[PDB]
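Working through the structure, step by step
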2 protein chains.
Amino acid sequence: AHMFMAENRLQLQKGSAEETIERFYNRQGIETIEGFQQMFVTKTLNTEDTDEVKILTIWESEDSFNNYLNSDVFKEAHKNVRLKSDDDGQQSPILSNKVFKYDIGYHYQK
Amino acid sequence: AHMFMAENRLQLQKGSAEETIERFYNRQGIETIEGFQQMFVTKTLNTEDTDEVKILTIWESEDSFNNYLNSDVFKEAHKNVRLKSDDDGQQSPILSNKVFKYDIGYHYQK
Ligand code: HEM
Ligand code: HEM
């Protein structure tokens, strides 16, 4: 069986990557989720316009990811997450989100 | 303190992702490399007319990643690696490589 990777690509206001990444330090139940293995939250280097932050989540299977989306901890962790376009989202530096999905065909950890 | 991530984004001829990823299976010295932490080789799930395979390498720092690039171990591991666009790259289904670089602002491994 192959592991699965999801990417949430977050287009952000210039300069907001650090404050946005700081929000992930506070664990909100991901550590209790079946099939979850690891996550990286990255800032793209050398960006000239908007900041770019990606949430990369690594799963035992695509099904594990699918179920996470329907979970109470997912809902709770995102209850104060807004896009700038949301009616109550003006103060948010998060401009858009885009999801990408991957099959992990090879992994190696030293 | 922050880890570093490099992404090699490879555009491939349709259908060649699987045979490309299989080329990674047997190690060629990466386990010996200072500051190397882990890697993922992914196929993108999408409806594009080309395949996409990514090499994600995770490093203790950007400097460790650059040292690897300069190394004999890198050179040896890539001796038969060609782009379709190379003089002698006729058999390669790898159409192009593009490098992206990231700060890892947060990581959690279960
Ligand atoms: C595929 C759907 C998504 C997945 C798999 C995902 C994954 C995650 C994970 C694993 C965490 C850590 C949660 C925890 O500590 O329990 C998190 C938190 C967070 N996510 Fe997502 N996410 C998704 C959708 C989104 C979207 C659309 C946004 C932006 C609009 C977003 C922005 C954030 C932010 C800012 C945090 C930090 C915690 C907070 O602000 O309260 N996520 N997400
Ligand atoms: C930023 C530059 C690059 C880095 C950091 C990198 C990293 C790696 C690593 C860690 C491995 C596994 C090596 C081992 O097992 O010891 C590998 C192998 C491999 N890489 Fe790269 N690589 C880079 C450039 C490229 C490019 C430009 C291509 C394609 C044109 C490529 C294609 C491959 C392939 C097909 C393998 C499997 C081994 C083989 O075919 O002999 N790499 N690379």
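For the rest of this paragraph, the subject is the overall build of chain A. Check the secondary structure of chain A and you find 3 helices and 4 strands. What you see in chain A, going N to C, is helices and strands ordered as β-α-β-β-α-α-β. Considered along the principal axes of its C-alpha atoms, chain A spans approximately 40 × 35 × 20 Å. Relative to its 110 residues, chain A shows a buried fraction of 41%.

This part is about the interface of chain A and chain B. A common way to state how big an interface is: give the accessible area lost once the parts meet. Across the contact, 36 residues belong to chain A and 37 residues belong to chain B. Interface area for chain A against chain B, summed over the two sides, is near 3200 Å², with a carbon-plus-sulfur share of 59%. Three residues, A:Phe40, A:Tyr106 and A:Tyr108, lead the burial of chain A against chain B; their summed loss comes to 24% of the area buried on that side. Counting across the chain A and chain B interface gives 0 salt bridges. Taken together, chain A and chain B are joined by 21 residue pairs in polar contact. Within the residue set of the side of chain A that touches chain B, elements represented by two or more residues are strand 1 (3–12), strand 2 (36–44), strand 3 (51–59) and strand 4 (94–109) of chain A. Class assignment of the residues belonging to the side of chain A that touches chain B gives a composition of 19 nonpolar, 7 polar and 10 charged.

Right, let's talk about the side chain of B:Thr42 for a bit. Mapped onto the elements of the fold, B:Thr42 is located in strand 2 (residues 36–45). Among residues more than four places away in sequence, those in contact with B:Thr42 are A:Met5, A:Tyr102, A:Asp103, A:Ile104, A:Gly105, B:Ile21, B:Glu52, B:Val53 and B:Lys54.

With that settled, the discussion passes to the relation of the copies chain A and chain B. Superposing chain A onto chain B takes a rotation of 180° plus a shift of 0.0 Å along the axis, which leaves an RMSD of 0.5 Å. Read as a symmetry element, the transformation amounts to a two-fold axis. Closest to the rotation axis within chain A is the C-alpha of A:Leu56, separated from it by 5.6 Å. Both copies present the same face, since 100% of the interface residues in chain A are matched by interface residues at the equivalent positions in chain B.

All names here are of chain A. Here, UniProt's "binding site: heme" annotation points to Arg23, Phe24, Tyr25, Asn26, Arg27, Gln28, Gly29, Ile30 and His78. Spanning 56 residues, the named residues form one tight spatial group whose C-alpha atoms are at most 13.8 Å apart. Relative to the elements of secondary structure, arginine 23 occurs in the loop between helix 1 (17–22) and strand 2. Taking the relative accessible area as the measure of exposure, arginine 23 reaches 38% and is therefore partly exposed. Apart from the residues lying within four places of it in its own chain, the contact partners of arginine 23 are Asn80, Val81 and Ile94. Within the secondary structure layout, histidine 78 lies in the loop between helix 3 (72–77) and strand 4. Reaching out from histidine 78, the side chain makes a polar contact with the backbone oxygen of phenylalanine 74 at a distance of 2.7 Å.

Rules and cut-offs
Residues numbered from 1 in each chain as written, not as in the entry; some residues may be left out. Chains lettered and ligands numbered in written order. Heavy atoms only, no water. Helix = DSSP H or I, 4+ residues; strand = E, 2+ residues; numbered from the N terminus. Buried < 20%, exposed > 50% of the residue type's maximum accessible area, 1.4 Å probe, protein only. Contact = heavy atoms within 4.5 Å. Buried area = accessible area lost by both parts, 1.4 Å probe. Salt bridge = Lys/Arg side-chain N within 4 Å of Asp/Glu carboxyl O. Polar contact = N/O pair within 3.5 Å; in protein donor to acceptor, adjacent residues only side chain to side chain. Nonpolar A, V, L, I, M, F, W, Y, C, P; charged D, E, K, R; others polar. Least-squares fit on C-alpha atoms. UniProt positions renumbered as here; feature names shortened; annotations may be inferred.

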